[PDB]
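Protein chains in written order, with UniProt numbering: chain A, 1 to 346; chain B, 1 to 346; chain C, 1 to 148.
Since the structure comes first, as structure tokens, the remarks are kept for the end.
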Amino acid sequence: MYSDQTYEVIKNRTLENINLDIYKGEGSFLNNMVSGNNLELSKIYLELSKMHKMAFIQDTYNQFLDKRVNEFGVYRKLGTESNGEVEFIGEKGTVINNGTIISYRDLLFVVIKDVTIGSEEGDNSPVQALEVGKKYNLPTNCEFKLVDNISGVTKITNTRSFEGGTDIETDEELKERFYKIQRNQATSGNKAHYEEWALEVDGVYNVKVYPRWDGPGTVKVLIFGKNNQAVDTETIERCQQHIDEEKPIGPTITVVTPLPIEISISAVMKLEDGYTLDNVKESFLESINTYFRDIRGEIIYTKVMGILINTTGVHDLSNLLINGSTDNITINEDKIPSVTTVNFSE
Amino acid sequence: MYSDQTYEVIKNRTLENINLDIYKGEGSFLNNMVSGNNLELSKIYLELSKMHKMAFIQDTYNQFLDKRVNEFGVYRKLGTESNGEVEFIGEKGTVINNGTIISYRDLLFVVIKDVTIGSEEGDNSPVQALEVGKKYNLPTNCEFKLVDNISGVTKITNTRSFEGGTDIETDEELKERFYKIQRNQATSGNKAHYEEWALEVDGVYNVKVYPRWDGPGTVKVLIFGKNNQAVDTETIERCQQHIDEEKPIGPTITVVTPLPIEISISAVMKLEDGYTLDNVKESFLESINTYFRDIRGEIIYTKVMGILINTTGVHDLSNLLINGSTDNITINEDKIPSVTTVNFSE
Amino acid sequence: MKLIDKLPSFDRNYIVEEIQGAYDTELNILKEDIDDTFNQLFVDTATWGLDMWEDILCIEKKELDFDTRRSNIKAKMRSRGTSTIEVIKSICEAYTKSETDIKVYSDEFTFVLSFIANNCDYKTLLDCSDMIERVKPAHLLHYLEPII
């Protein structure tokens with residue numbers, strides 16, 4: 001094949017192809033005439049070998065992948081510039097106009113809106129990276145410096161870490177993305193495809209589909225917000241129109257939200273010295289909020305009393321009552337406990 | 001254009017392009033070297049034409065076609081290995097550990113479960129085929145041989161026929177599936193999409209979809225094996241569970257397999273000299289089998305008589321009956337003719 | 001000119017120059033053919049290779065334009081699937097040339113389309129129904145209803 005095809009091999013082949021009166025030998029005129037063209041043909045063979053590699057869908061270059069995805073429509077992502085907010089510290093009344101560029105180390109950043117030092121609007125102004133890339137995602141507490149000197153400005157720092165800086169999508173990543181798109185297509189019943197559209201909303205992070213909730217063909221959409229906290233009504237609505245835009249033909253779709261559950265507690269306890277009711281109350285409510293966040297299933301009485309006694313400032317407690325009972329409280333689905341009444345007596 | 005340039009045309013062009021005071025004649029040294037260079041150039045042009053064919057992969061099969069099909073999303077279904085259970089007979093107390101190797105003829109099998117002969121867990125252990133292919137779908141009561149000799153083990157037999165050995169994919173089948181998909185204008189939730197889902201399952205050579213067979217929200221799915229044959233219940237279960245994984249939620253899907261039609265043949269036939277009943281019976285069995293493979297519609301009693309008389313060793317026959325009758329029998333949908341009783345006499 | 005540079009100095013005669021010039025013209029022809037074939041490899045740069053692209057697509061169409069052929073190839077590949085009801089409604093209303101209301105029950109799995117009988121003819125109604133069934137799911141059943 002192409003590896004076999006070389007200057008010497010095709011030289012011998014062409015010498016065999018030509019039968020003629022004059023003897024064939026090294027250094028002959030016709031020898032050199034054939035040898036030059038055979039070197040050219042070896043170069044052509046190398047080019048034809050590279051034809052195979054460049055024709056293949058794999059190991060393509062930027063332009064090759066660009067053409068393939070333009071045919072396919074899965075356009076490559078160029079990345080997003082980092083965005084953040086910085087604080088300007090300096091002489092009061094200093095006005096920094098739009099378009100001013102600030103440099104931290106060798107990085108370059110630009111200020112979007114005008115900021116005035118000491119003004120009632122504040123000294124914080126959003127700053128967007130000049131170029132895309134994760135290197136522009138500067139962390140918090142970075143001392144930005146003006147590229148151009150401006151009187152009245154002394155120190156610039158960011159109170160929040162810069163975000164949004166994304167690198168250019170490489171060839172391989174788009175390749176497996178396209179492969180996954182080709183293998184899997186949107187389908188009516190597969191809960192992954194349906195919940196994909198719901199998950200596109202940033203407010204919700206867990207989506208559940210309940211088949212056969214109101215008879216055949218009825219799909220109940222269950223969504224969970226940030227740590228299973230109900231999202232606003234507008235979020236529910238907009239998710240509803242979105243999923244309806246991508247819902248299949250002729251379903252009945254209902255969207256539900258987690259329902260907070262009130263919690264009322266009452267106990268008699270002996271407080272340690274140097275500790276008041278407010279301190280133990282706030283510590284225990286924080287601890288029980290964490291427990292409610294991390295609890296799966298029914299409320300456990302003994303976990304509650306253990307986290308209450310473990311609260312600092314509790315020596316002896318008694319008569320612990322939760323919602324009028326000391327038994328385990330069953331939590332229904334899509335419901336989260338919420339502390340509403342605390343009755344602590346010393 | 002590679003095809004536009006041909007051997008003699010480019011030879012004459014090369015001869016003409018250079019103006020020579022030397023007369024050009026056949027067999028000349030200049031003519032011989034031009035002929036050799038033209039031969040090499042024609043080889044290059046033929047290689048370029050072959051490369052163009054490979055790029056369009058029209059006739060010849062190569063990795064380019066498979067990779068392009070993978071780009072289009074269709075995947076080469078390698079297949080599944082046959083599964084079954086065998087019985088170990090021998091001295092009580094012998095332990096046959098996991099990974100034990102048993103060989104039947106050329107085929108190789110592996111024991112899946114650690115089985116002890118004479119133990120309370122029984123002497124039967126599941127066995128999976130070590131390679132993909134229909135040849136591993138062994139029938140029941142097959143005698144297996146231990147590759148590694150184990151003391152206290154005498155007989156290895158399977159109480160049931162092995163199943164799950166789907167055939168290995170061939171390039172022709174993949175090309176046909178790609179082509180029929182190319183005619184198919186699929187859509188999320190349409191008969192083409194369901195039949196494509198059926199094509200995704202191993203051993204689904206033919207797909208038949210009947211919408212509204214029971215009316216509201218009902219799909220009738222009919223599948224066939226190779227050459228319009230039946231499919232094992234395991235294949236049907238895998239196909240239906242895969243569909244239910246991807247199908248819309250709510251529709252009722254029924255997947256069935258063709259069932260054979262039993263036939264009985266009775267006739268009085270005068271055998272030729274030197275031919276016994278068994279030989280002519282086997283030859284007629286082969287002839288009727290290939291006729292059934294090549295048949296469509298209904299079994300024709302006249303074709304049966306002709307294929308019996310054309311059998312070697314058959315001199316004079318009489319009172320030929322298929323299922324005791326001389327009338328053609330209709331072969332309905334999802335039904336094939338099966339030979340069950342052969343009655344021949346002289 | 002390349003080979004004569006590679007060739008020895010004493011072979012700088014006119015015969016060598018002529019023969020190597022012819023060989024260089026052949027090289028130019030070969031390299032432009034290679035470039036043309038490489039262009040034919042890509043869909044956008046292919047001109048006469050689109051016939052086999054269409055053959056692979058298993059659709060046969062009379063030659064109209066190279067750009068039109070490429071657009072048809074791009075349309076044939078993917079670009080399928082009705083995301084929601086509105087896609088089917090918009091596709092069908094082109095055939096019906098009138099507004100269509102839908103009464104779909106999940107329990108019934110039943111689709112119904114109401115349209116003015118006088119607007120859409122019987123034959124084109126049958127063609128639209130066949131196209132819908134080609135698009136409409138196997139379990140679902142679409143009903144064509146002409147308004148009287």
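For each residue, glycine too, the CB sits at the ideal point set by N, CA and C.
- Taking CB atoms only, B/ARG296 has no neighbour in chain C less than 9 Å away.
- Comparing C-alpha distances from B/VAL110 to each of B/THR60, B/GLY99, B/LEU41 shows the shortest one belongs to B/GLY99.
- Taking a beta-carbon distance threshold of 9 Å, A/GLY152 does not count as an interface residue toward chain C.
- For the 9 Å CB-CB criterion, A/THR154 and A/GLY90 form a contact.
- Here A/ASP273 carries a coil assignment [DSSP, helix/strand/coil].
- Contact of A/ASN343 with chain B is not assigned, every C-beta pair being separated by 9 Å or more.
- Residues of chain B whose Cβ lies closer than 7 Å to the Cβ of C/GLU63 do not exist, since the nearest Cβ in that chain is about 17 Å away.
- Contact holds between the segment 71–80 of chain B and the segment 165–172 of chain B, because three or more Cβ pairs, one in each stretch, are under 8 Å apart.
- Remark: three or more beta-carbon pairs, one from each stretch, lie closer than 8 Å, so the segment 46–66 of chain C and the segment 53–60 of chain B are flagged as touching.
- Those residues of the segment 40–56 of chain A placed with their C-beta closer than 7 Å to a C-beta in chain B are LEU41, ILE44, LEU48, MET51, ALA55, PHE56, ordered along the chain.
- Identification of chain B residues near C/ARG134 by a Cβ-Cβ cut-off of 9 Å yields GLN185, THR187, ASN190, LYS191, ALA192, ordered along the chain.
- Closer than 9 Å to the CB of A/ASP214 there is not a single CB belonging to chain B.
- When DSSP states are grouped into helix, strand and coil, B/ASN124 belongs to the strand group.
- Taking C-beta atoms under 8 Å as the contact rule, A/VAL268 and A/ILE288 fail to qualify, at a distance of about 17 Å.
- Put simply, the segment 184–197 of chain A touches the segment 242–250 of chain B. At least three CB pairs are less than 8 Å apart.
- Flagged as an interface residue toward chain B: C/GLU108, by a C-beta distance shorter than 9 Å.
- Residue burial annotation: B/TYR179 is exposed, with fewer than 16 other C-beta atoms found within 10 angstroms of its C-beta.
- A direct Cα-Cα distance of roughly 10 Å separates C/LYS136 from C/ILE85.
- DSSP, read as helix, strand or coil, puts A/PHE162 in coil.
- Between B/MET51 and A/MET51 the beta-carbon gap is near 6 Å, inside 8 Å, which marks them as a contact.
- Straight-line spacing of the CA atoms in B/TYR210 and C/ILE56 works out to 29 Å.
- Annotated three-state conformation of C/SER114 is strand, per DSSP.
- A/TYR45 carries a helical assignment under DSSP once its states are collapsed to helix, strand and coil.
- Residue-level contact by beta carbon fails for C/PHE115 and chain A, as no gap is shorter than 9 Å.
- When secondary structure is reduced to three states using DSSP, C/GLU63 falls in the coil class, being assigned neither helix nor strand.
- Taking 9 Å as the CB threshold, A/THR6 stays off the interface with chain C.
- Counting only runs of at least 4 residues, the segment 274–316 of chain B fully encloses the following alpha helix (DSSP H) elements, listed from N- to C-terminal order: 277–293, 301–309.
- Look at B/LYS92 here: in three-state DSSP terms it is coil, with no helix or strand label.
- Taking 4 residues as the shortest admissible run, the UniProt domain "Baseplate J-like central" (186–256) of chain B contains the following complete alpha helix (DSSP H) segments, listed from N- to C-terminal end: 191–199, 233–246.
- For A/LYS113 and A/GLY225, the gap between their C-alpha atoms comes out near 32 Å.
- Around the beta-carbon of A/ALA230, 16 or more other beta-carbon atoms lie within 10 Å, marking it buried.
- Across the UniProt domain "Baseplate J-like central" (186–256) of chain B, CB contacts with chain A closer than 7 Å involve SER188, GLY189, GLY217, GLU245, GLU246, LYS247, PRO248, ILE249, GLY250, in sequence order along the chain.
- Non-local beta-carbon contacts of A/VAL207 in its own chain, meaning distances under 6 Å to residues more than five positions away in sequence, involve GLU195, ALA198, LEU199, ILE223 in chain order.
- Closer than 9 Å to the CB of A/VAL9 there is not a single CB belonging to chain B.
- Along the segment 40–86 of chain B, the alpha helix (DSSP H) occurs as fully enclosed runs of 4 or more residues at 63–72, listed in sequence order.
- In this structure, A/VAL204 sits away from A/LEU285, with a CB-CB distance that is not shorter than 9 Å.
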